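Pasted below: query-v4.cif, mmCIF, N, CA and C atoms and all ligand atoms.
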```cif
data_upload
#
loop_
_atom_site.label_atom_id
_atom_site.label_comp_id
_atom_site.auth_asym_id
_atom_site.auth_seq_id
_atom_site.Cartn_x
_atom_site.Cartn_y
_atom_site.Cartn_z
N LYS A 1 13.17 -1.88 -5.49
CA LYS A 1 12.74 -2.34 -6.84
C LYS A 1 11.57 -1.49 -7.32
N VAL A 2 11.60 -1.09 -8.59
CA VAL A 2 10.51 -0.33 -9.17
C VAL A 2 9.82 -1.33 -10.12
N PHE A 3 8.65 -1.80 -9.72
CA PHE A 3 7.89 -2.75 -10.52
C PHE A 3 7.35 -2.16 -11.80
N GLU A 4 7.16 -3.00 -12.81
CA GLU A 4 6.52 -2.56 -14.05
C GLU A 4 5.04 -2.78 -13.71
N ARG A 5 4.13 -2.08 -14.37
CA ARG A 5 2.70 -2.21 -14.06
C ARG A 5 2.14 -3.64 -14.08
N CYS A 6 2.25 -4.32 -15.21
CA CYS A 6 1.72 -5.68 -15.30
C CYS A 6 2.44 -6.71 -14.43
N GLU A 7 3.74 -6.53 -14.21
CA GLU A 7 4.51 -7.42 -13.35
C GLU A 7 3.88 -7.38 -11.95
N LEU A 8 3.65 -6.16 -11.46
CA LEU A 8 3.04 -5.98 -10.16
C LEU A 8 1.62 -6.57 -10.09
N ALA A 9 0.83 -6.33 -11.13
CA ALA A 9 -0.55 -6.82 -11.17
C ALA A 9 -0.58 -8.34 -11.00
N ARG A 10 0.30 -9.04 -11.70
CA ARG A 10 0.35 -10.50 -11.58
C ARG A 10 0.87 -10.96 -10.20
N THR A 11 1.81 -10.21 -9.63
CA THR A 11 2.35 -10.53 -8.32
C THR A 11 1.27 -10.38 -7.23
N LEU A 12 0.54 -9.27 -7.27
CA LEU A 12 -0.52 -9.03 -6.29
C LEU A 12 -1.60 -10.10 -6.40
N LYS A 13 -1.91 -10.53 -7.62
CA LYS A 13 -2.91 -11.56 -7.82
C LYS A 13 -2.50 -12.87 -7.15
N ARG A 14 -1.26 -13.31 -7.35
CA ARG A 14 -0.85 -14.56 -6.73
C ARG A 14 -0.73 -14.47 -5.22
N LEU A 15 -0.57 -13.25 -4.72
CA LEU A 15 -0.48 -13.03 -3.28
C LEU A 15 -1.89 -12.89 -2.67
N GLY A 16 -2.91 -13.09 -3.51
CA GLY A 16 -4.29 -13.07 -3.06
C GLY A 16 -4.95 -11.75 -2.74
N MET A 17 -4.56 -10.70 -3.45
CA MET A 17 -5.12 -9.37 -3.20
C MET A 17 -6.41 -9.09 -3.96
N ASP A 18 -6.67 -9.86 -5.02
CA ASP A 18 -7.88 -9.63 -5.81
C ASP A 18 -9.16 -9.92 -5.03
N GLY A 19 -9.87 -8.85 -4.66
CA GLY A 19 -11.11 -8.99 -3.92
C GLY A 19 -10.90 -9.14 -2.42
N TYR A 20 -9.67 -8.90 -1.95
CA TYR A 20 -9.41 -9.01 -0.51
C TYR A 20 -10.25 -7.97 0.23
N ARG A 21 -11.12 -8.45 1.12
CA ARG A 21 -12.02 -7.60 1.89
C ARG A 21 -12.84 -6.70 0.97
N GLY A 22 -13.22 -7.26 -0.19
CA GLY A 22 -14.03 -6.55 -1.17
C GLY A 22 -13.32 -5.54 -2.04
N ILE A 23 -12.00 -5.54 -1.99
CA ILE A 23 -11.19 -4.60 -2.76
C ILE A 23 -10.62 -5.24 -4.02
N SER A 24 -11.03 -4.72 -5.17
CA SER A 24 -10.58 -5.25 -6.45
C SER A 24 -9.10 -4.99 -6.69
N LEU A 25 -8.51 -5.84 -7.52
CA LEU A 25 -7.10 -5.74 -7.86
C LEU A 25 -6.76 -4.35 -8.44
N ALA A 26 -7.63 -3.82 -9.30
CA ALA A 26 -7.38 -2.50 -9.91
C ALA A 26 -7.30 -1.38 -8.88
N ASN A 27 -7.98 -1.56 -7.75
CA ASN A 27 -7.95 -0.57 -6.67
C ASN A 27 -6.60 -0.62 -5.96
N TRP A 28 -6.09 -1.83 -5.76
CA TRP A 28 -4.79 -1.99 -5.13
C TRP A 28 -3.71 -1.43 -6.05
N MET A 29 -3.89 -1.58 -7.35
CA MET A 29 -2.92 -1.06 -8.32
C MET A 29 -2.94 0.47 -8.31
N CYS A 30 -4.14 1.05 -8.30
CA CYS A 30 -4.29 2.50 -8.26
C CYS A 30 -3.64 3.05 -6.98
N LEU A 31 -3.83 2.37 -5.86
CA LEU A 31 -3.23 2.80 -4.59
C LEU A 31 -1.69 2.80 -4.65
N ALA A 32 -1.08 1.70 -5.08
CA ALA A 32 0.39 1.59 -5.16
C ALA A 32 0.96 2.62 -6.13
N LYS A 33 0.24 2.86 -7.22
CA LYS A 33 0.66 3.83 -8.24
C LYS A 33 0.84 5.23 -7.63
N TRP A 34 -0.18 5.68 -6.93
CA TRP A 34 -0.18 6.99 -6.32
C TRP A 34 0.62 7.11 -5.04
N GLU A 35 0.77 6.01 -4.31
CA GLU A 35 1.54 6.08 -3.08
C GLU A 35 3.05 6.11 -3.29
N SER A 36 3.55 5.22 -4.14
CA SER A 36 4.98 5.11 -4.37
C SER A 36 5.41 5.04 -5.83
N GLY A 37 4.47 4.92 -6.76
CA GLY A 37 4.87 4.79 -8.15
C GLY A 37 5.49 3.41 -8.35
N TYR A 38 4.95 2.42 -7.64
CA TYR A 38 5.41 1.03 -7.71
C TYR A 38 6.86 0.84 -7.22
N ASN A 39 7.31 1.70 -6.31
CA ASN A 39 8.67 1.64 -5.79
C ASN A 39 8.67 1.08 -4.36
N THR A 40 9.32 -0.07 -4.18
CA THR A 40 9.36 -0.73 -2.88
C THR A 40 10.23 -0.04 -1.82
N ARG A 41 11.16 0.82 -2.21
CA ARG A 41 12.01 1.47 -1.21
C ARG A 41 11.59 2.90 -0.90
N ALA A 42 10.42 3.29 -1.39
CA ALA A 42 9.91 4.63 -1.15
C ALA A 42 9.68 4.87 0.35
N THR A 43 10.10 6.04 0.81
CA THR A 43 9.93 6.46 2.19
C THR A 43 9.62 7.95 2.17
N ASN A 44 8.76 8.37 3.08
CA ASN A 44 8.41 9.78 3.16
C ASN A 44 8.21 10.17 4.60
N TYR A 45 9.08 11.07 5.06
CA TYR A 45 9.03 11.57 6.42
C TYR A 45 7.99 12.69 6.56
N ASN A 46 7.17 12.58 7.60
CA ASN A 46 6.12 13.56 7.90
C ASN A 46 6.65 14.36 9.09
N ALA A 47 7.33 15.45 8.79
CA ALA A 47 7.92 16.30 9.81
C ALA A 47 6.91 16.86 10.81
N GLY A 48 5.68 17.06 10.36
CA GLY A 48 4.63 17.58 11.21
C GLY A 48 4.25 16.71 12.40
N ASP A 49 4.40 15.39 12.27
CA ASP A 49 4.04 14.51 13.37
C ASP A 49 5.11 13.49 13.71
N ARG A 50 6.27 13.60 13.06
CA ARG A 50 7.42 12.73 13.28
C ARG A 50 7.23 11.24 12.94
N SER A 51 6.40 10.96 11.94
CA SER A 51 6.17 9.58 11.51
C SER A 51 6.72 9.44 10.09
N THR A 52 6.88 8.21 9.61
CA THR A 52 7.39 8.00 8.27
C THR A 52 6.53 6.97 7.57
N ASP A 53 6.33 7.15 6.27
CA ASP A 53 5.55 6.21 5.46
C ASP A 53 6.57 5.30 4.77
N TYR A 54 6.31 4.00 4.79
CA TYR A 54 7.24 3.00 4.22
C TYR A 54 6.70 2.07 3.15
N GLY A 55 7.54 1.83 2.14
CA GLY A 55 7.21 0.89 1.09
C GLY A 55 6.26 1.25 -0.03
N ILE A 56 5.95 0.21 -0.81
CA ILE A 56 5.08 0.33 -1.97
C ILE A 56 3.67 0.88 -1.67
N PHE A 57 3.13 0.57 -0.48
CA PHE A 57 1.81 1.05 -0.10
C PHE A 57 1.87 2.22 0.86
N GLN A 58 3.09 2.65 1.18
CA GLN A 58 3.30 3.78 2.09
C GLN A 58 2.54 3.69 3.40
N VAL A 59 2.75 2.63 4.16
CA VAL A 59 2.06 2.50 5.44
C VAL A 59 2.80 3.29 6.52
N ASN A 60 2.03 3.91 7.41
CA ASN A 60 2.57 4.78 8.46
C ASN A 60 3.12 4.09 9.70
N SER A 61 4.30 4.55 10.14
CA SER A 61 4.98 4.00 11.32
C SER A 61 4.27 4.24 12.66
N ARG A 62 3.32 5.17 12.71
CA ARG A 62 2.61 5.42 13.97
C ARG A 62 1.68 4.25 14.33
N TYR A 63 1.19 3.54 13.32
CA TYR A 63 0.26 2.44 13.57
C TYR A 63 0.64 1.06 13.08
N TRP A 64 1.26 1.00 11.91
CA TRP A 64 1.54 -0.27 11.26
C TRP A 64 2.83 -1.04 11.44
N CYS A 65 3.95 -0.34 11.54
CA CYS A 65 5.23 -1.00 11.70
C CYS A 65 6.04 -0.24 12.72
N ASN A 66 7.08 -0.87 13.24
CA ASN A 66 7.93 -0.22 14.22
C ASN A 66 9.26 0.27 13.67
N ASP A 67 9.55 1.57 13.86
CA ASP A 67 10.84 2.12 13.45
C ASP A 67 11.59 2.69 14.66
N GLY A 68 10.99 2.58 15.83
CA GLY A 68 11.62 3.06 17.05
C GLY A 68 11.61 4.56 17.34
N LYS A 69 11.69 5.40 16.31
CA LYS A 69 11.72 6.85 16.48
C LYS A 69 10.39 7.60 16.39
N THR A 70 9.28 6.88 16.25
CA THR A 70 7.98 7.54 16.16
C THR A 70 7.32 7.57 17.55
N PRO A 71 6.98 8.77 18.05
CA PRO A 71 6.35 8.91 19.37
C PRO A 71 4.95 8.30 19.42
N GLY A 72 4.63 7.67 20.55
CA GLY A 72 3.33 7.06 20.76
C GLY A 72 2.84 6.19 19.62
N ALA A 73 3.70 5.31 19.13
CA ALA A 73 3.35 4.46 18.01
C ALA A 73 3.08 3.03 18.41
N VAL A 74 2.26 2.37 17.59
CA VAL A 74 1.95 0.96 17.76
C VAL A 74 2.47 0.25 16.51
N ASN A 75 2.46 -1.07 16.54
CA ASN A 75 2.98 -1.88 15.45
C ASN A 75 1.95 -2.97 15.15
N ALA A 76 0.84 -2.58 14.52
CA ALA A 76 -0.24 -3.51 14.22
C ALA A 76 0.15 -4.64 13.29
N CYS A 77 1.09 -4.40 12.38
CA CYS A 77 1.51 -5.46 11.47
C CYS A 77 2.55 -6.37 12.10
N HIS A 78 3.06 -5.96 13.26
CA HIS A 78 4.08 -6.69 14.01
C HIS A 78 5.29 -6.94 13.13
N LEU A 79 5.76 -5.85 12.53
CA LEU A 79 6.91 -5.86 11.65
C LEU A 79 7.83 -4.68 11.90
N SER A 80 9.10 -4.86 11.57
CA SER A 80 10.05 -3.76 11.63
C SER A 80 9.69 -3.00 10.34
N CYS A 81 9.79 -1.68 10.32
CA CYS A 81 9.47 -0.96 9.10
C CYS A 81 10.46 -1.31 7.98
N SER A 82 11.63 -1.82 8.35
CA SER A 82 12.67 -2.24 7.38
C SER A 82 12.11 -3.34 6.46
N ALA A 83 11.25 -4.20 7.01
CA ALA A 83 10.62 -5.30 6.26
C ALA A 83 9.80 -4.80 5.07
N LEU A 84 9.32 -3.58 5.17
CA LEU A 84 8.52 -2.98 4.11
C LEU A 84 9.35 -2.31 3.04
N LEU A 85 10.67 -2.43 3.13
CA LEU A 85 11.55 -1.83 2.12
C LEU A 85 12.26 -2.91 1.28
N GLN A 86 11.85 -4.16 1.42
CA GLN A 86 12.47 -5.26 0.65
C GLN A 86 11.98 -5.29 -0.80
N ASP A 87 12.72 -5.98 -1.67
CA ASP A 87 12.31 -6.12 -3.07
C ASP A 87 11.15 -7.10 -3.15
N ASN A 88 11.14 -8.05 -2.22
CA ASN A 88 10.08 -9.03 -2.13
C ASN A 88 8.98 -8.34 -1.34
N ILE A 89 7.78 -8.23 -1.92
CA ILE A 89 6.67 -7.55 -1.26
C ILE A 89 5.72 -8.38 -0.40
N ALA A 90 6.10 -9.62 -0.09
CA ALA A 90 5.28 -10.51 0.72
C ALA A 90 4.83 -9.85 2.02
N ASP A 91 5.77 -9.27 2.77
CA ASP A 91 5.44 -8.61 4.04
C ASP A 91 4.61 -7.34 3.85
N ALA A 92 4.93 -6.55 2.83
CA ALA A 92 4.18 -5.32 2.55
C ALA A 92 2.71 -5.65 2.26
N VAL A 93 2.48 -6.75 1.54
CA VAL A 93 1.14 -7.20 1.19
C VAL A 93 0.42 -7.71 2.42
N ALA A 94 1.10 -8.50 3.24
CA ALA A 94 0.50 -9.01 4.46
C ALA A 94 0.09 -7.86 5.38
N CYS A 95 0.88 -6.78 5.38
CA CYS A 95 0.57 -5.63 6.22
C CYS A 95 -0.57 -4.79 5.62
N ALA A 96 -0.61 -4.68 4.29
CA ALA A 96 -1.68 -3.95 3.61
C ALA A 96 -3.01 -4.65 3.90
N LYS A 97 -2.98 -5.99 3.97
CA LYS A 97 -4.19 -6.78 4.26
C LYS A 97 -4.69 -6.47 5.68
N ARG A 98 -3.75 -6.33 6.62
CA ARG A 98 -4.08 -5.99 8.00
C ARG A 98 -4.74 -4.60 8.08
N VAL A 99 -4.19 -3.63 7.34
CA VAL A 99 -4.73 -2.27 7.32
C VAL A 99 -6.21 -2.24 6.93
N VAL A 100 -6.57 -2.95 5.86
CA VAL A 100 -7.96 -2.97 5.39
C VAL A 100 -8.91 -3.81 6.22
N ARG A 101 -8.39 -4.53 7.21
CA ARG A 101 -9.24 -5.31 8.09
C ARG A 101 -9.88 -4.37 9.13
N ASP A 102 -9.43 -3.12 9.16
CA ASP A 102 -10.00 -2.09 10.05
C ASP A 102 -11.25 -1.57 9.34
N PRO A 103 -12.22 -1.01 10.10
CA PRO A 103 -13.47 -0.49 9.53
C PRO A 103 -13.35 0.42 8.30
N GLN A 104 -12.38 1.33 8.29
CA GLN A 104 -12.19 2.23 7.15
C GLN A 104 -11.91 1.53 5.82
N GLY A 105 -11.30 0.35 5.90
CA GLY A 105 -10.98 -0.38 4.69
C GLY A 105 -9.95 0.35 3.87
N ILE A 106 -10.15 0.33 2.56
CA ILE A 106 -9.24 0.98 1.61
C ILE A 106 -9.20 2.51 1.81
N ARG A 107 -10.24 3.05 2.44
CA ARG A 107 -10.36 4.47 2.71
C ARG A 107 -9.27 4.98 3.66
N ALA A 108 -8.56 4.08 4.34
CA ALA A 108 -7.50 4.47 5.27
C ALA A 108 -6.41 5.32 4.61
N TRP A 109 -6.21 5.14 3.31
CA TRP A 109 -5.22 5.91 2.57
C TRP A 109 -5.94 7.06 1.90
N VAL A 110 -5.61 8.28 2.30
CA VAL A 110 -6.24 9.45 1.72
C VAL A 110 -6.02 9.56 0.21
N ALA A 111 -4.85 9.16 -0.25
CA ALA A 111 -4.56 9.20 -1.68
C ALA A 111 -5.57 8.38 -2.50
N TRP A 112 -6.07 7.27 -1.94
CA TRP A 112 -7.05 6.43 -2.63
C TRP A 112 -8.35 7.22 -2.87
N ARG A 113 -8.80 7.96 -1.86
CA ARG A 113 -10.00 8.79 -1.96
C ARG A 113 -9.82 9.87 -3.03
N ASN A 114 -8.63 10.47 -3.07
CA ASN A 114 -8.32 11.54 -4.01
C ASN A 114 -8.20 11.12 -5.46
N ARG A 115 -7.47 10.04 -5.72
CA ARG A 115 -7.25 9.60 -7.10
C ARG A 115 -7.81 8.28 -7.58
N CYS A 116 -8.45 7.51 -6.71
CA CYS A 116 -8.98 6.21 -7.12
C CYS A 116 -10.47 6.05 -6.95
N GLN A 117 -11.00 6.53 -5.83
CA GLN A 117 -12.42 6.42 -5.52
C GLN A 117 -13.33 7.02 -6.59
N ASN A 118 -14.34 6.25 -6.98
CA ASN A 118 -15.32 6.66 -7.98
C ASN A 118 -14.75 6.99 -9.35
N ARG A 119 -13.62 6.39 -9.68
CA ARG A 119 -13.00 6.60 -10.98
C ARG A 119 -12.92 5.29 -11.75
N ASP A 120 -12.61 5.40 -13.03
CA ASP A 120 -12.45 4.24 -13.89
C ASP A 120 -11.01 3.77 -13.65
N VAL A 121 -10.83 2.75 -12.81
CA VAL A 121 -9.49 2.24 -12.51
C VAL A 121 -9.08 1.04 -13.37
N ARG A 122 -9.92 0.68 -14.33
CA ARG A 122 -9.65 -0.45 -15.23
C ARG A 122 -8.29 -0.37 -15.90
N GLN A 123 -7.91 0.84 -16.28
CA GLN A 123 -6.64 1.09 -16.94
C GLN A 123 -5.40 0.53 -16.22
N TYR A 124 -5.46 0.41 -14.90
CA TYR A 124 -4.31 -0.08 -14.15
C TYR A 124 -4.00 -1.57 -14.37
N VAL A 125 -5.01 -2.36 -14.74
CA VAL A 125 -4.78 -3.79 -14.96
C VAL A 125 -5.01 -4.24 -16.40
N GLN A 126 -5.44 -3.33 -17.26
CA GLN A 126 -5.72 -3.73 -18.63
C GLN A 126 -4.51 -4.24 -19.39
N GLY A 127 -4.70 -5.40 -20.00
CA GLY A 127 -3.64 -6.05 -20.76
C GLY A 127 -2.65 -6.87 -19.96
N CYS A 128 -2.82 -6.94 -18.64
CA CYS A 128 -1.89 -7.68 -17.80
C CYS A 128 -2.12 -9.19 -17.66
N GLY A 129 -3.24 -9.68 -18.17
CA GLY A 129 -3.53 -11.11 -18.08
C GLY A 129 -3.93 -11.60 -16.70
N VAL A 130 -4.59 -10.74 -15.92
CA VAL A 130 -5.05 -11.07 -14.57
C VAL A 130 -6.58 -10.97 -14.50
NA NA B 1 5.11 2.02 14.95
#
```
For the file at hand, write its structure as structure tokens.
Ligand code: NA
Amino acid sequence: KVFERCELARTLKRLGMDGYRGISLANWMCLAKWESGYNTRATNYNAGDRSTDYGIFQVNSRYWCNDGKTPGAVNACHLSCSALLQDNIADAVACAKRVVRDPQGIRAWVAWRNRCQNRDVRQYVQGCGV
């Protein structure tokens, strides 16, 4: 499923992402935008290390979910990576929450540092009623 901007903003809000571990809703929107373009079935293989990024938040199989084919990987979210490709983002959100519980926080995603950090991210939620 490819979410519309405001549809996603309202969904993330009801799933309790606004201010989760000090991360504003607009930051989560900026992250999803740059990671997958609001696409829940997005996948990206990293040939250099044999891992794959899954879902709307593009979480890596080496640490967050299990896909079986990634060498020396852990499954911190305790999920099959298939769970992160559903139209319903409940599991993807629960796993994104686990990621930011680590010291790095939102900084764990390099894309956030590149396109979201220290920028005016208001535009991602403006007019959505959240
Ligand atoms: Na894994």
Give me the residues of chain A that have any atom at most 12 Å from an atom of ligand NA 1 (chain B); for each, the nearest atom pair and the distance in Å, rounded to one decimal. Use only C-alpha atoms and all ligand atoms, sort by chain and number, and format it as CSV.
```
residue,atom,partner,partner_atom,distance
A:50,CA,B:NA1,NA,11.1
A:51,CA,B:NA1,NA,8.4
A:52,CA,B:NA1,NA,9.3
A:53,CA,B:NA1,NA,10.4
A:54,CA,B:NA1,NA,11.0
A:59,CA,B:NA1,NA,10.0
A:60,CA,B:NA1,NA,7.5
A:61,CA,B:NA1,NA,4.1
A:62,CA,B:NA1,NA,4.3
A:63,CA,B:NA1,NA,5.1
A:64,CA,B:NA1,NA,5.6
A:65,CA,B:NA1,NA,4.4
A:66,CA,B:NA1,NA,3.7
A:67,CA,B:NA1,NA,5.9
A:68,CA,B:NA1,NA,6.9
A:69,CA,B:NA1,NA,8.3
A:70,CA,B:NA1,NA,6.3
A:71,CA,B:NA1,NA,8.3
A:72,CA,B:NA1,NA,7.9
A:73,CA,B:NA1,NA,4.3
A:74,CA,B:NA1,NA,4.4
A:75,CA,B:NA1,NA,4.5
A:76,CA,B:NA1,NA,7.7
A:77,CA,B:NA1,NA,9.0
A:78,CA,B:NA1,NA,8.8
A:79,CA,B:NA1,NA,8.7
A:80,CA,B:NA1,NA,8.3
A:81,CA,B:NA1,NA,7.9
A:82,CA,B:NA1,NA,11.5
```
Once you count only C-alpha atoms, what closest atom pair and distance in Å to one decimal does each residue of segment 91-121 of chain A within 7 Å of segment 25-48 of chain A have, with rows by chain and rising residue number, as JSON lines?
```
{"residue": "A:111", "atom": "CA", "partner": "A:34", "partner_atom": "CA", "distance": 6.8}
{"residue": "A:112", "atom": "CA", "partner": "A:31", "partner_atom": "CA", "distance": 5.6}
{"residue": "A:116", "atom": "CA", "partner": "A:30", "partner_atom": "CA", "distance": 6.1}
{"residue": "A:121", "atom": "CA", "partner": "A:26", "partner_atom": "CA", "distance": 5.8}
```
**Request:** Go through segment 5-59 of chain A and collect every residue that DSSP, computed from the backbone, puts in alpha helix (DSSP H); the answer should be as a list in words.
**Result:**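 The residues of segment 5-59 of chain A classed as alpha helix (DSSP H) are residues 5, 6, 7, 8, 9, 10, 11, 12, 13, 14, 25, 26, 27, 28, 29, 30, 31, 32, 33, 34, 35 and 36 of chain A.
Take the candidates A:109, A:57, A:3, A:20 and check each one against residue 91 of chain A using only C-alpha atoms; the shortest distance goes to A:57.
Taking atom N of residue 56 of chain A and atom C of residue 99 of chain A as endpoints, the distance between them is 14.6 Å.
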**Request:** Going by DSSP on the backbone, which bits of segment 28-118 of chain A are strand (DSSP E)? Write them as a list in words, please.
**Result:**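 Secondary structure check on segment 28-118 of chain A, strand (DSSP E): residues 43, 44, 45, 46, 51, 52, 53, 54, 59 and 60 of chain A.
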**Asked** atom N of residue 103 of chain A and atom N of residue 23 of chain A are how many Å apart?
**Response** 12.9 Å
In the coordinates of the file, take the point (-8.4, -8.0, -15.8) and a cut-off of 12 Å; then, counting only C-alpha atoms, name each qualifying protein, DNA or RNA residue as a tab-separated table (two decimals) with N, CA and C atoms, in the coordinates of the input.
```
chain	number	residue	atom	x	y	z
A	6	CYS	N	2.25	-4.32	-15.21
A	6	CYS	CA	1.72	-5.68	-15.30
A	6	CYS	C	2.44	-6.71	-14.43
A	9	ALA	N	0.83	-6.33	-11.13
A	9	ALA	CA	-0.55	-6.82	-11.17
A	9	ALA	C	-0.58	-8.34	-11.00
A	10	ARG	N	0.30	-9.04	-11.70
A	10	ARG	CA	0.35	-10.50	-11.58
A	10	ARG	C	0.87	-10.96	-10.20
A	13	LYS	N	-1.91	-10.53	-7.62
A	13	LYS	CA	-2.91	-11.56	-7.82
A	13	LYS	C	-2.50	-12.87	-7.15
A	18	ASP	N	-6.67	-9.86	-5.02
A	18	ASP	CA	-7.88	-9.63	-5.81
A	18	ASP	C	-9.16	-9.92	-5.03
A	24	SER	N	-11.03	-4.72	-5.17
A	24	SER	CA	-10.58	-5.25	-6.45
A	24	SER	C	-9.10	-4.99	-6.69
A	25	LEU	N	-8.51	-5.84	-7.52
A	25	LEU	CA	-7.10	-5.74	-7.86
A	25	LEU	C	-6.76	-4.35	-8.44
A	26	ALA	N	-7.63	-3.82	-9.30
A	26	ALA	CA	-7.38	-2.50	-9.91
A	26	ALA	C	-7.30	-1.38	-8.88
A	27	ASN	N	-7.98	-1.56	-7.75
A	27	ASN	CA	-7.95	-0.57	-6.67
A	27	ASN	C	-6.60	-0.62	-5.96
A	29	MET	N	-3.89	-1.58	-7.35
A	29	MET	CA	-2.92	-1.06	-8.32
A	29	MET	C	-2.94	0.47	-8.31
A	121	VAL	N	-10.83	2.75	-12.81
A	121	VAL	CA	-9.49	2.24	-12.51
A	121	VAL	C	-9.08	1.04	-13.37
A	122	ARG	N	-9.92	0.68	-14.33
A	122	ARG	CA	-9.65	-0.45	-15.23
A	122	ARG	C	-8.29	-0.37	-15.90
A	123	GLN	N	-7.91	0.84	-16.28
A	123	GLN	CA	-6.64	1.09	-16.94
A	123	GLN	C	-5.40	0.53	-16.22
A	124	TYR	N	-5.46	0.41	-14.90
A	124	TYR	CA	-4.31	-0.08	-14.15
A	124	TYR	C	-4.00	-1.57	-14.37
A	125	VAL	N	-5.01	-2.36	-14.74
A	125	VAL	CA	-4.78	-3.79	-14.96
A	125	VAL	C	-5.01	-4.24	-16.40
A	126	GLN	N	-5.44	-3.33	-17.26
A	126	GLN	CA	-5.72	-3.73	-18.63
A	126	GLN	C	-4.51	-4.24	-19.39
A	127	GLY	N	-4.70	-5.40	-20.00
A	127	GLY	CA	-3.64	-6.05	-20.76
A	127	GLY	C	-2.65	-6.87	-19.96
A	128	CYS	N	-2.82	-6.94	-18.64
A	128	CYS	CA	-1.89	-7.68	-17.80
A	128	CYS	C	-2.12	-9.19	-17.66
A	129	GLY	N	-3.24	-9.68	-18.17
A	129	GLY	CA	-3.53	-11.11	-18.08
A	129	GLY	C	-3.93	-11.60	-16.70
A	130	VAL	N	-4.59	-10.74	-15.92
A	130	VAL	CA	-5.05	-11.07	-14.57
A	130	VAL	C	-6.58	-10.97	-14.50
```
**Message:** Would you compute the distance between atom C of residue 108 of chain A and atom N of residue 96 of chain A? Give it in Å to one decimal.
**Reply:**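 Between atom C of residue 108 of chain A and atom N of residue 96 of chain A the gap is 11.6 Å.
Ranking A:86, A:21, A:5, A:117 by their shortest atom-to-atom distance to residue 100 of chain A, with only N, CA and C atoms included, puts A:21 first.
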Let me have the centre and edge lengths of the axis-aligned box enclosing all listed atoms of segment 99-107 of chain A with 3 Å padding on every side, in Å to one decimal, as JSON.
```
{"center_x": -8.8, "center_y": -0.2, "center_z": 5.9, "size_x": 15.3, "size_y": 16.3, "size_z": 14.5}
```
**Complete:** The residue from A:106, A:119, A:87, A:94 with the smallest atom-to-atom distance to residue 2 of chain A, counting all atoms listed in the file, is A:87
